[PDB]
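Visitor: Following this message is one structure expressed as structure tokens.
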Amino acid sequence: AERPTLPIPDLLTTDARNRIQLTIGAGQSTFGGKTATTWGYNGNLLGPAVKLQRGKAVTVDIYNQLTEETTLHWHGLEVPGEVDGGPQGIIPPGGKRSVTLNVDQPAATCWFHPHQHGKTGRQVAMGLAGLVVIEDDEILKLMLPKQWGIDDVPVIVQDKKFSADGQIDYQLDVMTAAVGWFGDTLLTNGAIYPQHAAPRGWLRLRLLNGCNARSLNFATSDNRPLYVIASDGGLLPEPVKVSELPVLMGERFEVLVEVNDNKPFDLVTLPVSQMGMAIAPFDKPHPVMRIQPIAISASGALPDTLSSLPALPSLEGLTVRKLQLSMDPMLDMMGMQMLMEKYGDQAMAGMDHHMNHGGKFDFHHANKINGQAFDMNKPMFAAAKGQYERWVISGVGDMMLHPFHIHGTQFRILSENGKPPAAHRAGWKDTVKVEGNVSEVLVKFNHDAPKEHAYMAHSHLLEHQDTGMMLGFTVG
Ligand SMILES: [Cu+2]
Ligand SMILES: [Cu+2]
Ligand SMILES: [Cu+2]
Ligand SMILES: [O]
Ligand SMILES: [O]
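Using the deposited numbering, the letters of the sequence shown map in sequence onto residues 29 to 381, 395 to 517.
Structure (structure tokens):
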């Protein structure tokens with residue numbers, strides 16, 4: 029059989045009432061010929077791409093048609109806590125919540141997903157994620173590839189695992205609370221190994237790692253380069269040529285890749301050095317999608333300069349906040365031993381060379410920041426508004442991967458896990474790697490967040506977030 033075409037999320041803009049309608053619901057999808065119950069926004073799986081313009085407000089009406097509570101967070105969008113959709117932003121089953129978003133940041137590819145307390149990993153795994161395309165006046169002047177679904181395409185890459193009956197097999201248990209939920213099946217906008225027909229010239233891919241716990245590393249099957257033009261929070265100052273592109277959970281990058289007649293190639297993900305993630309079929313480069321060249325000229329450009337990136341300021345006198353991540357040693361060892369028992373030595377490939398004792402030992406609050414598992418009732422601190430701060434995030438104490446995300450901001454990385462950031466990671470970011478070492482980021486919050494609707498800061502390894510590796514903080 030030929031490959032299926034890459035599904036393209038609809039690009040949604042406002043109605044005359046200036047509203048966008050999102051319905052959250054359950055439906056059915058098919059994977060490898062077997063039906064599965066899945067959840068989607070405005071459909072059975074995944075979601076549309078909401079298009080937003082800097083300096084314009086839009087109202088979003090969000091209808092929860094699930095039979096359980098959910099929330100909707102705009103990952104990467106800088107909005108007041110009241111509309112951020114963290115775990116306090118409950119939408120009752122059968123209810124509706126509306127938010128007005130006043131977009132106040134540069135062009136970027138952001139995304140949106142649930143943030144239900146303790147259940148974010150399951151609700152993402154069941155299918156909920158969508159995209160956000162922010163435009164501004166500056167980016168349109170660059171004449172980048174811009175035909176949605178033709179030469180400008182979103183690529184949401186996610187793994188799943190399924191039980192023998194075809195259903196999604198999600199469990200938050202000691203092993204996945206330790207290593208994360210991951211699977212053996214890779215989806216690209218919900219489809220298994222699709223093809224995308226692209227015109228000759230430049231193809232723009234808006235890459236999102238939407239996996240719960242798996243890190244990815246994109247490359248091409250014939251080693252043509254990727255030109256990074258944008259990170260989580262928008263354009264880089266100039267393109268950065270790379271041969272491979274590591275992407276942590278929740279991160280976005282936009283790249284341009286050349287398309288030449290008669291020479292199809294795959295986008296692939298290369299094996300990563302993360303516990304559990306190099307079990308077959310991920311022990312080898314894994315195709316993500318086939319790019320099928322079409323002998324029609326693509327009009328987009330790769331300009332020499334993309335945007336202005338301001339200088340880091342002086343760090344002297346800035347507030348320094350320390351965030352110590354931690355895992356329970358006993359439960360980390362128990363979860364890792366179950367992984368090893370299940371899959372054997374392959375569960376550590378690529379890495380560097395039973396009774397009930399009560400609630401004190403419960404893995405649901407095993408992961409912590411500054412000695413506390415997430416307490417929705419107690420923001421850990423009150424950050425300054427409109428002031429730069431230096432947040433220092435330490436993973437010393439364990440060797441698991443912690444992609445650390447801070448709501449409410451796009452920051453600058455000063456140190457990523459003990460090294461200055463790579464050039465394509467030196468612009469606007471909302472995620473920073475922490476693994477065995479220490480990161481430092483320069484953040485500023487332009488909007489208020491009160492105790493009742495606090496901003497979150499957390500690991501975006503969802504099973505760790507859900508089992509306590511998150512804090513709340515207020516601004517203003
Ligand atoms: Cu976020
Ligand atoms: Cu997020
Ligand atoms: Cu979040
Ligand atoms: O997020
Ligand atoms: O998140």
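Where a beta carbon is used, it is the ideal one built from N, C-alpha and C, also for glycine.
Per DSSP, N237 forms a beta bridge with which residues?
Guide: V185.
Visitor: Let me know the alpha helix (DSSP H) ranges lying completely inside the segment 123-163, each 4 residues or longer, listed in chain order.
Guide: Within the segment 123-163, the complete alpha helix (DSSP H) runs of at least 4 residues are 148-153.
Visitor: Between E106, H224, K147, which has its C-alpha nearest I447's C-alpha?
Guide: The residue with the shortest Cα to Cα distance from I447 is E106.
Visitor: Alpha helix (DSSP H) containing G363: first to last residue?
Guide: Start and end: 357-371.
Visitor: Report the rounded CA-to-CA distance for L40 versus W176, giving the unit in angstroms.
Guide: Taking the straight line joining both Cα atoms gives about 11 Å.
Visitor: Applying the criterion that 16 or more other CB atoms from any shown protein chain within 10 Å of the CB defines a buried residue, is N290 buried or exposed?
Guide: Exposed.
Visitor: Does the segment 269-283 come within contact of the segment 231-244, defined as at least 3 CB pairs closer than 8 Å?
Guide: With a cut-off of 8 Å, the segment 231-244 and the segment 269-283 count as touching, because enough Cβ pairs lie within range.
Visitor: Return the bridge partner residues of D180 from the DSSP annotation.
Guide: Paired residue(s): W176, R232.
Visitor: Quick check: the Cα distance between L244 and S259, rounded to an integer number of angstroms?
Guide: In a straight line, the C-alpha of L244 is about 15 Å away from that of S259.
Visitor: Which ranges does the beta strand (DSSP E) cover as unbroken runs of at least 3 residues, wholly within the segment 288-313, from first to last along the chain?
Guide: 293-297, all fully within the segment 288-313.
Visitor: Is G449 near ligand 2 - that is, is its Cβ less than 7 Å away from at least one heavy atom of it?
Guide: Every heavy atom of ligand 2 is 7 Å or more from the Cβ of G449, so no.
Visitor: Give every residue of the same chain whose Cβ lies closer than 8 Å to the Cβ of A85, excluding the five residues on either side of it in the sequence, and list them in chain order.
Guide: Same-chain partners within the cutoff: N46, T128, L129, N130, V131.
Visitor: Does the beta-carbon of residue 551, which I'm using as the reference point, lie nearer than 7 Å to any heavy atom of ligand 1?
Guide: For residue 551 there is no data in the structure shown, the boundaries of the chain being 29 and 517.
Visitor: With H, G and I counted as helix, E and B as strand and the rest as coil, what does DSSP make of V437?
Guide: Looking at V437 - three-state DSSP - the assignment turns out to be coil, as it is neither helix nor strand.
Visitor: Give the DSSP bridge partners of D89, in chain order.
Guide: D89 pairs with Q49, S126.
Visitor: Just list the residues that DSSP pairs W67 with in beta bridges.
Guide: In DSSP, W67 forms a bridge with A54.
Visitor: Which residue's Cα is closest to the Cα of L298: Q93, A247, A44, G261?
Guide: It is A247.
Visitor: Helix, strand or coil for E106 per DSSP?
Guide: Looking at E106 - three-state DSSP - the assignment turns out to be coil, as it is neither helix nor strand.
Visitor: Note the first and the last residue of the continuous beta strand (DSSP E) segment covering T213.
Guide: Here the beta strand (DSSP E) through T213 covers 213-216.
Visitor: Here's the rule I'm using: 16 or more other beta-carbon atoms within 10 Å means buried, otherwise exposed. How should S325 be labelled?
Guide: The residue is exposed, with fewer than 16 neighbouring Cβ atoms inside 10 Å.
Visitor: Provide the residue span of the alpha helix (DSSP H) that contains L483, from first to last.
Guide: Here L483 belongs to no alpha helix (DSSP H); instead the beta strand (DSSP E) covers 479-484.
Visitor: If you pair each beta-carbon of the segment 448-461 with each one of the segment 248-257, do three or more pairs fall below 8 Å?
Guide: Result no; under three Cβ-Cβ pairs closer than 8 Å.
Visitor: When you compare the CB positions of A219 and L34, do they come within less than 8 Å of one another, or not?
Guide: Result yes, Cβ atoms of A219 and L34 sit closer than 8 Å.
Visitor: How far does the alpha helix (DSSP H) with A206 in it extend, from its first residue to its last?
Guide: It spans 202-207 - the alpha helix (DSSP H) in which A206 sits, taken as one unbroken run.
Visitor: Is there contact between the segment 328-335 and the segment 469-484, where contact requires at least three CB pairs shorter than 8 Å?
Guide: Because the criterion of three Cβ pairs below 8 Å is not met, the segment 328-335 and the segment 469-484 do not touch.
Visitor: Consider the C-beta atom of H145 and the heavy atoms of ligand 4; say whether any pair is separated by less than 7 Å.
Guide: No, the Cβ of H145 stays beyond 7 Å of every heavy atom of ligand 4.
Visitor: On the criterion of 16 or more Cβ atoms from any shown chain inside 10 Å, does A323 qualify as buried, or is it exposed?
Guide: By the neighbour-count rule (16 or more Cβ atoms within 10 Å), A323 is not buried but exposed.
Visitor: Is there at least one non-hydrogen atom of ligand 4 closer than 7 Å to the beta-carbon of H224?
Guide: Checking every heavy atom of ligand 4 against the Cβ of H224, none is found closer than 7 Å.
Visitor: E282 by DSSP, collapsed to three states: which one?
Guide: DSSP places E282 in strand when its eight states are reduced to three.
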